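A.B. asks: Sending over a structure as structure tokens; questions will come in a sec.
Note that we place each Cβ from the backbone using ideal geometry, even for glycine, and neighbour counts take in every protein chain shown. Values in this text are rule-based calculations from the coordinates and carry no lab data.
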Amino acid sequence: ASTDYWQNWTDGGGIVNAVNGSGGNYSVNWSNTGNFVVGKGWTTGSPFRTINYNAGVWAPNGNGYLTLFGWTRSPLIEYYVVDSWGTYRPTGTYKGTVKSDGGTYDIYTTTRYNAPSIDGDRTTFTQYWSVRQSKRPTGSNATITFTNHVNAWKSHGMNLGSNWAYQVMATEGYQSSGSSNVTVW
């Protein structure tokens, strides 16, 4: 499907060279950054969407995530479906696991305090995570059947908001360097 949203946010630290390529393709070169999130997807997320992607390049030199990323409002929730990472595997409060698209993911919840949110400014919000137990190989056509995650989360009392914001396959980094090239559809 044609992506219609381009996500390019940085807290201003270091170098983040994000390129908005043709179609659903994008690339990022980053160096000694603070926190940043880049990716392509849809302006309005959906719990029934099936995300396809191919990371032709996934080379983080430190903390970085290759992950589905999105937000909902009412309540304000940031969610993730992490397929690969760099030197640090994200974790939090363990809830359970979910099997989807050939992999097994751990379900976690965390909370951010006085952190930047989608609406700008700072606030406290909850984060929902699905983190693969082992890194998913890249360079191949991968699929993320989001409904499986949404349903698994629901079974653990992890309900998303009623107002859906953007939903994208992104590259997120934190005080690191690296490169990535991803195509989303």
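A.B. asks: Show which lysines lie in cross-link reach of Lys95 when reach means a straight Cα distance below 23 angstrom and same-chain residues fewer than eight apart are skipped.
C.D. replies: Hits, sequence-local ones excluded: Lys135, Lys154.
A.B. asks: Karplus couplings for the stretch 81-89 from phi (6.51 cos²θ - 1.76 cosθ + 1.60, θ = phi - 60°), rounded to Hz, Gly and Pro as x?
C.D. replies: Those phi angles translate into 10, 8, 9, 8, 8, x, 8, 10, 8 Hz.
A.B. asks: Would you please give the FRET efficiency between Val57 and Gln127, computed as 1/(1 + (r/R0)^6) with r the Cβ-Cβ distance and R0 = 25 Å, to the nearest 0.05?
C.D. replies: According to the calculation, E is roughly 0.40.
A.B. asks: Quick one: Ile15, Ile107, fewest Cβ neighbours within 10 Å first, how do they rank?
C.D. replies: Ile15, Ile107
A.B. asks: Right, next: How much length is gained on full extension from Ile15 to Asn32, taking 0.36 nm per residue of separation minus their Cα-Cα distance?
C.D. replies: Numbers: separation 17, 0.36 × 17 = 6.12 nm, distance 0.66 nm.
Answer, rounded to one decimal: 5.5 nm.
A.B. asks: Contact order normalised by length for the chain, with contacts defined as Cα pairs under 8 Å and 6 or more residues apart; what percent is it? Don't jump to the answer; show the numbers that get you there.
C.D. replies: Values: 499 pairs, mean separation 68.3, N = 185.
It rounds to 37 percent for the chain.
A.B. asks: Here is a follow-up. Take the eigenvalues of the Cα gyration tensor for the stretch 1-111, scale each by 5, and report the square roots as semi-axes in whole Å, largest first.
C.D. replies: Listed largest to smallest, the semi-axes of the stretch 1-111 are 22, 19, 15 Å.
A.B. asks: For each of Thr124, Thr109, count neighbouring Cβ atoms within 10 Å of the residue's Cβ, then give the residues from fewest to most. Mind showing how you got there, number by number?
C.D. replies: Details: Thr124 11, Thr109 17.
Listed from fewest to most nearby Cβ atoms, that is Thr124, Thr109.
A.B. asks: Can you list residues from other chains, or at least 5 along the same chain, whose modelled amide H is less than 5 Å from the amide H of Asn35?
C.D. replies: Result for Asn35 returns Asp11, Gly13, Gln175.
A.B. asks: If you place +1 on the Cβ of every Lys and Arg, -1 on the Cβ of every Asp and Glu, and leave all else neutral, what size is the dipole of the chain about its Cα centre, to the nearest 20 Debye?
C.D. replies: About 380 debye.
A.B. asks: Right, something else. Taking +1 at the Cβ of each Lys and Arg and -1 at the Cβ of each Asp and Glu, which of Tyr174, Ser162, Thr123 sits farthest along the dipole of the chain towards its positive end, judged by Cα position relative to the Cα centre?
C.D. replies: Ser162
A.B. asks: Shape call for the stretch 121-185 from the C-alpha gyration tensor, a ≥ b ≥ c root eigenvalues: rounded (a/c under 1.5), prolate (a/b greater than b/c) or oblate?
C.D. replies: Oblate is the answer for the stretch 121-185, as a/c is 1.5 or above yet b/c matches or exceeds a/b.
A.B. asks: Which value, in debye to the nearest 20, gives the size of the charge dipole of the stretch 84-185 about its Cα centre, when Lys and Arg are +1 and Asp and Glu are -1 at the Cβ? Walk me through the intermediate numbers first.
C.D. replies: Details: 9 positive and 5 negative charges, 61 e Å.
My answer is approximately 300 debye.
A.B. asks: No solvent, one uniform scatterer per C-alpha: report log10 I(q)/I(0) for the chain via the Debye equation at q = 0.09, 0.18, 0.19 1/Å, two decimals.
C.D. replies: For the chain, the Cα-only Debye profile gives -0.28, -1.28, -1.45.
A.B. asks: Mind listing the long-range amide H neighbours of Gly24? Cut-off is under 5 Å, sequence gap 5 or more, other chains count too, H placed in the peptide plane at 1.01 Å from N.
C.D. replies: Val184
A.B. asks: While we're here: At 0.36 nm per residue, minus the direct Cα-Cα distance, what do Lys154 and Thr91 gain on full extension? Give it in nm, one decimal, please.
C.D. replies: Stretched out fully, the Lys154 to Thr91 stretch lengthens by 20.8 nm.
A.B. asks: Let me ask another. When a/c is below 1.5 the answer is rounded, else prolate if a/b is larger than b/c, else oblate, so apply that to the stretch 56-158 with a ≥ b ≥ c taken from the square roots of the Cα gyration tensor eigenvalues. Could the numbers behind the result be given before it?
C.D. replies: On the way: a/c = 1.82, a/b = 1.27, b/c = 1.43.
Here the stretch 56-158 falls in the oblate category.
A.B. asks: From the phi of every residue in the stretch 16-29, what ³J(HN,Hα) in whole Hz does the Karplus formula 6.51 cos²θ - 1.76 cosθ + 1.60 yield, where θ is phi - 60° and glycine or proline is x?
C.D. replies: Each residue's phi maps through the Karplus curve to give 9, 9, 9, 10, 7, x, 6, x, x, 8, 7, 9, 9, 10 Hz.
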